[PDB]
Every structure is written in C-alpha cells, then in structure tokens.
Amino acid sequence: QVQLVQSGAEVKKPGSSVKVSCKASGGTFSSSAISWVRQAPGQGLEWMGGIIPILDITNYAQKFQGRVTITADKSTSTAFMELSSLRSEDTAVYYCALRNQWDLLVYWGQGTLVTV
Amino acid sequence: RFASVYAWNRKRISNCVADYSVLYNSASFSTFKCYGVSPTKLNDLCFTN
Amino acid sequence: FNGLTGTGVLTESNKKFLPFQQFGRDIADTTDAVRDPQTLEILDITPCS
Amino acid sequence: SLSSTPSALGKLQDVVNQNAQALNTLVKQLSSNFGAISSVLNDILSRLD
Ligand SMILES: *[C@@H]1O[C@H](CO)[C@@H](O)[C@H](O)[C@H]1NC(C)=O
C-alpha cells in the first residue's frame, strides 16, 4: 500500500517560486514514476511534468518547458516540484501521484493548495 | 483478462529497467520459483530476449 | 559488464567483433574481451598479477 | 647431414612436444562442465545464491 503526503497550503506573491514536496510510503521510490498535476479552480486537472528517480529522467508538459523544476531525493523517498515566476493564474491545487512498474494503479495524494 | 491455457499469450519486453525486488518481496504470490537463477540476483543481472 | 563479473585489467584492443557479438572467449572459456555497453569499444581483459 | 635431415633431432623435439601437449590439455580441460551448469565460476556465482 502506497500513500503520498502532500505539503500544506501556501500564499505566494507575484514573481516568487513555490516548492511542493511528495513524501512516499510503501517504499518503491526507485522503480516508480512520480507525476505532478495541477487543478486551477474552475478547471480540470492538468499534467505538468514528472520524474523517474531511478533513471533520473525528468519530463515536462509543453506549457511548462521552463518555470518548472522536478527533482527527487532518494534518501528521504521524497519527490519535489517547484514552480517559478508565479502569477495569480497559477492558483491551483497541486498533486503528486505514483505509477509503479509491476502495477497498474495510481496512488494519489490529498492536494496542496497554492495561490499567489 | 487472461488467456486460456490452450492459447496462452506471450509478449516481448525490451529497452527497459526491471526492479524485481517488488515481485519477489510481495507476499501476494502463491508460487515464486526461479530456474537457473537466484531470485535475489535478478536485479544485478541484465537479460536479453 | 551487463552482468559479467570478475577481476582484471582493462586495456584497449583491436579485436574486431562482428555486429552481433558481445563478448569474446579464449581457449578456456574465459572472457578475454568485452564490448562496452555504452560506447562500443573493445576492451581486452587480463589478470591483475 | 644434420642440416639436411629434418628428423635428425626428433629425439629432442619429442620431449618438447610432449610437454606442450600436457599443458594444452590442462588448459582445455577447464572448458568442461563435469555436471555443473557451466564451465565458468564467475557465471555460477553471478547468477546463483
Ligand atoms: C548515455 O547517457 C549519457 C548522459 O548521462 C551520454 O553522455 C551518453 O552518450 C549516452 N550513451 C549512449 C550510448 O546513448
């Protein structure tokens, strides 16, 4: 059983950056792919990017080719995402989710609310 | 969905990494037996075909 | 090298492996050369001492 | 006479040839299974517990 602990809510100012952590449980940090999505109020849920820690390969959505950094720290089994150059349009609930190799399930967090 | 045994389904796996720790350690399998290799060394080895 | 273990000294060499050959073997089935998996160089292997 | 007869020194040549065969046999005997899965200790150790 895999559960992901999300960061709490935060209020940012224009031009700043926000960093959100994703704490894994159930191990399997290596061998799984972690994705990040965001849901702006009134919108659907949109994929931003993601990383595979064992491969150390990071992929991003085209609209996020810049301003978004996705990394991971294997020693704490924690994944991270940072969004820079914030504006009010960036308000969203941010989520991490895992898709483990060997499985077909996706393990989702509660959601981190960030406004600017 | 699984295939009938009389007409089993075989697939090719390639150009990827496999962490066999998960299958091995998971308690869900009734049978986990390897032939010619140690289950615990599957992660050290690299395979073809 | 792709699961092939041992102890030894690597040197560069001029063995020309065919496109499908991955490893070389001597008279006693000892790997005596390998093709490096990332850069396809042929490396001879000799004992350390 | 010695220069022209190639067999003249066979008595000495034979000693050399016999000892060479004795060693070539030991090396060739390494490539045997003797009931083992392989002739190479490193492969046995690499894949098995
Ligand atoms: C493997 O990736 C490295 C970068 O981490 C790169 O420098 C190297 O050329 C790549 N090798 C092959 C065969 O693609």
# chains A, B, ... in the order shown; residues from 1 in each chain; ligands from 1
call {"tool": "interface_residues", "arguments": {"of": "chain D", "to": "chain C", "cutoff": "9 Å", "atoms": "only C-alpha atoms", "output": "list in words"}}
result
residues 27, 28, 29, 30, 31, 32, 39, 40, 42, 43, 45, 46 and 47 of chain D
call {"tool": "closest_atom_pairs", "arguments": {"of": "chain A", "to": "ligand 1", "cutoff": "10 Å", "atoms": "only C-alpha atoms and all ligand atoms", "output": "JSON lines"}}
result
{"residue": "A:55", "atom": "CA", "partner": "ligand 1", "partner_atom_place_in_ligand_line": "5 (O)", "distance": 9.6}
{"residue": "A:56", "atom": "CA", "partner": "ligand 1", "partner_atom_place_in_ligand_line": "5 (O)", "distance": 9.2}
{"residue": "A:57", "atom": "CA", "partner": "ligand 1", "partner_atom_place_in_ligand_line": "5 (O)", "distance": 9.6}
call {"tool": "interface_residues", "arguments": {"of": "chain B", "to": "chain C", "cutoff": "9 Å", "atoms": "only C-alpha atoms", "output": "ChimeraX atom specification"}}
result
/B:44-47
call {"tool": "interface_residues", "arguments": {"of": "chain B", "to": "chain A", "cutoff": "9 Å", "atoms": "only C-alpha atoms", "output": "PyMOL selection string"}}
result
chain B and resi 17-20+22-23
call {"tool": "select_by_dssp", "arguments": {"residues": "chain A", "states": "helix (DSSP H, G or I)", "output": "PyMOL selection string"}}
result
chain A and resi 62-64+74-76+88-90
call {"tool": "write_last_selection", "arguments": {"atoms": "N, CA and C atoms", "output": "CSV table (one decimal), in the first residue's frame"}}
result
chain,number,residue,atom,x,y,z
A,62,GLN,N,4.4,20.7,-22.5
A,62,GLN,CA,4.9,21.8,-23.3
A,62,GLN,C,4.8,23.2,-22.7
A,63,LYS,N,3.7,23.4,-22.1
A,63,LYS,CA,3.4,24.7,-21.5
A,63,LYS,C,4.4,25.0,-20.3
A,64,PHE,N,5.0,24.0,-19.8
A,64,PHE,CA,5.9,24.1,-18.7
A,64,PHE,C,7.3,23.8,-19.1
A,74,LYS,N,16.2,10.6,-3.2
A,74,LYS,CA,16.1,9.2,-2.9
A,74,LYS,C,16.2,8.9,-1.4
A,75,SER,N,17.0,9.6,-0.7
A,75,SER,CA,17.3,9.2,0.7
A,75,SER,C,16.2,9.4,1.6
A,76,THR,N,15.2,10.2,1.2
A,76,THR,CA,14.0,10.5,2.1
A,76,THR,C,12.8,10.0,1.4
A,88,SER,N,-1.2,35.1,-10.4
A,88,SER,CA,-2.5,34.6,-9.9
A,88,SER,C,-3.1,33.5,-10.7
A,89,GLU,N,-2.7,33.4,-12.0
A,89,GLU,CA,-3.2,32.3,-12.9
A,89,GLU,C,-2.7,31.0,-12.5
A,90,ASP,N,-1.7,31.0,-11.6
A,90,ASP,CA,-1.0,29.7,-11.2
A,90,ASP,C,-1.8,29.2,-10.0
call {"tool": "residues_around", "arguments": {"residues": "stretch 7-14 of chain B", "least_positions_apart": "5", "cutoff": "9 Å", "atoms": "only C-alpha atoms", "output": "list in words"}}
result
residues 2, 48 and 49 of chain B
call {"tool": "residues_around", "arguments": {"residues": "residue C:8", "least_positions_apart": "5", "cutoff": "9 Å", "atoms": "only C-alpha atoms", "output": "list in words"}}
result
residues 45, 46, 47, 48 and 49 of chain C
call {"tool": "closest_atom_pairs", "arguments": {"of": "chain B", "to": "chain D", "cutoff": "7 Å", "atoms": "only C-alpha atoms", "output": "Markdown table"}}
result
| residue | atom | partner | partner_atom | distance |
| --- | --- | --- | --- | --- |
| B:37 | CA | D:47 | CA | 5.1 |
| B:38 | CA | D:48 | CA | 4.8 |
| B:41 | CA | D:47 | CA | 6.2 |
call {"tool": "atom_distance", "arguments": {"atom1": "atom CA of residue A:110", "atom2": "atom CA of residue A:33"}}
result
18.0 Å
